[PDB]
Amino acid sequence: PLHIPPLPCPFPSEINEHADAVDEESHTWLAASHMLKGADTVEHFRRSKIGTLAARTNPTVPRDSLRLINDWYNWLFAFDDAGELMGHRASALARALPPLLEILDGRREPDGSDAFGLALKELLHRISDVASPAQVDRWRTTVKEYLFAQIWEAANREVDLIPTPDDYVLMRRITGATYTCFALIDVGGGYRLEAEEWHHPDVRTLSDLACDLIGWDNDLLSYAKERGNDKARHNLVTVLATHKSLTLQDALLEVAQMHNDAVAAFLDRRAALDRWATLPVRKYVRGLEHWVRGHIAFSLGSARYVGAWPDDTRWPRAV
Ligand SMILES: [Mg+2]
Ligand SMILES: [Mg+2]
């Protein structure tokens, strides 16, 4: 039987007080968007409690901010899930991006037939209502990078390759859209990091470590579920097992070791940041901590993730 390694994390684990009410509001918004095809998928999303992830990763923000962030998570989950099999055609996916970039740049009104485009325009305008032009463009840049990164996944599927560790660790930071969520921490909190605060090497280093932790933790806990989706090709467990000739168990343990090394590096760099940080930088870094820890709590507690593992699988003690 397999044993799931613990993912120890000293960061506080909290949940927004508006979690259940906003989850319901946001799911209703997604169900009415027409972004999902089929009552079956709509019901799967409802049971997934995406608002729980939003509330655990943004536990301090006001109700209106949580609703905006929850709608954005629902857009991302829907976009990832959904058609023309463009996930296996790099050329076709690349050629399908310009119309979406036009909408993101505010250069074209979406067509009434374009569920993803209509919802993206709506979210851009709602973010613009509570964010400066510099904050809007910081988010827009992370979304463009996420969209371009989808072509890289399609490229791997097209030639049936499992990506190498180095290529995967770099690209996994942008394929998962986590940076698009980090870009809304100051916005959701009602504050604004200055350009030189945001781009300070210490803030970028902590942001990159948090983004690694979230991607690797998600890859490990979703692994059993992801085996039913393109043989979990885009998953650090598959990548390490394949390229380092490991057993599934030793691959799981190496992901947990990478997690522990990343946590140590985060604590080390945060001590250096604690010397100079302004209140907004300190709130942003606490935001990164809540995101990493809240994501673990959500993923550990997911019926769909836990259920996919074989019945004899051993889960670690609560850390
Ligand atoms: Mg994906
Ligand atoms: Mg300035």
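Basis of the calculations
- Residues numbered from 1 in each chain as written, not as in the entry; some residues may be left out.
- Chains lettered and ligands numbered in written order.
- Heavy atoms only, no water.
- Buried < 20%, exposed > 50% of the residue type's maximum accessible area, 1.4 Å probe, protein only.
- Helix = DSSP H or I, 4+ residues; strand = E, 2+ residues; numbered from the N terminus.
- Contact = heavy atoms within 4.5 Å.
- Salt bridge = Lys/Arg side-chain N within 4 Å of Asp/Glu carboxyl O.
- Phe/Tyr/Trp six-rings, centres within 6.5 Å; stacked < 30°, edge-to-face > 60°.
- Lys NZ or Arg CZ within 6 Å of the ring centre and 35° of its normal.
- Expected span 1.5 Å × (residues − 1).
- Arc of directions from axis to C-beta.

By the method listed in its record, X-ray crystallography, this PDB entry was determined to a resolution of 1.80 Å.

Chemist: Quick one: what's the story with helix 9 (residues 165-175), residue by residue and with numbers?
Modeler: Residues of helix 9 that are buried include every one of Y168, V169, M171, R172, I174 and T175, and no others. Packed against the buried residues of helix 9 are helix 8 (133-158), helix 10 (178-182), helix 13 (201-226), helix 14 (236-243) and helix 15 (248-273). At the exit of helix 9 stands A177, carrying a positive phi of roughly 65°.

Chemist: Which residues make up the pattern of salt bridges, and what values go with them?
Modeler: Scanning all chains against the criterion turns up 25 salt bridges. Salt-bridge contacts for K144 lead to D105; the nearest nitrogen and oxygen are separated by 2.8 Å. Placement of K144 in helix 8 and of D105 in the loop between helix 6 (98-104) and helix 7 (115-129) is noted, with a sequence separation of 39 residues between them. Exposure remark for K144: the relative accessible area of 22% places this residue in the partly exposed category. Since its relative accessible area comes to 33%, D105 is described here as partly exposed. Notably, a salt bridge pairs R138 with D186, separated by 3.6 Å at the nearest N-O pair. Within this pair, whereas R138 is found in helix 8, its partner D186 is found in helix 11 (residues 185-189), the two being separated by 48 residues in sequence. Both residues of the pair, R138 and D186, count as buried. Linked through salt bridges whose partners overlap, the residues forming this network are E25, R63, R67, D71, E122 and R126.

Chemist: Before we move on, can you summarise the packing of aromatic side chains with the specific residues and values?
Modeler: Applying the stated criterion to the full structure yields 13 aromatic pairs. Centroid distance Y223 to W309: 6.0 Å. Interplanar angle 40°. Geometry classified as tilted. Note that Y223 is positioned in helix 13 and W309 in the segment after helix 17 (303-308), a separation of 86 residues in sequence. An aromatic cluster is defined as three or more aromatic residues linked by ring pairs; in this entry it consists of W72, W75, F79, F116, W139 and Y146. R138 extends its terminal NZ or CZ atom over the ring of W198, reaching a point 4.4 Å from the ring centre.

Chemist: Any details on helix 1 (residues 19-31)? Residues and values, ideally.
Modeler: An ideal rise of 1.5 Å per residue puts 18 Å on 13 residues; helix 1 measures up with 18 Å between its terminal C-alpha atoms. The complete set of buried residues in helix 1 reads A19, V22, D23, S26, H27, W29 and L30. The buried residues of helix 1 occupy an angular sector of 155° when the element is viewed end-on, so they sit on one face. Turned more than 90 degrees off the buried face of helix 1, the exposed positions are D20 and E24.

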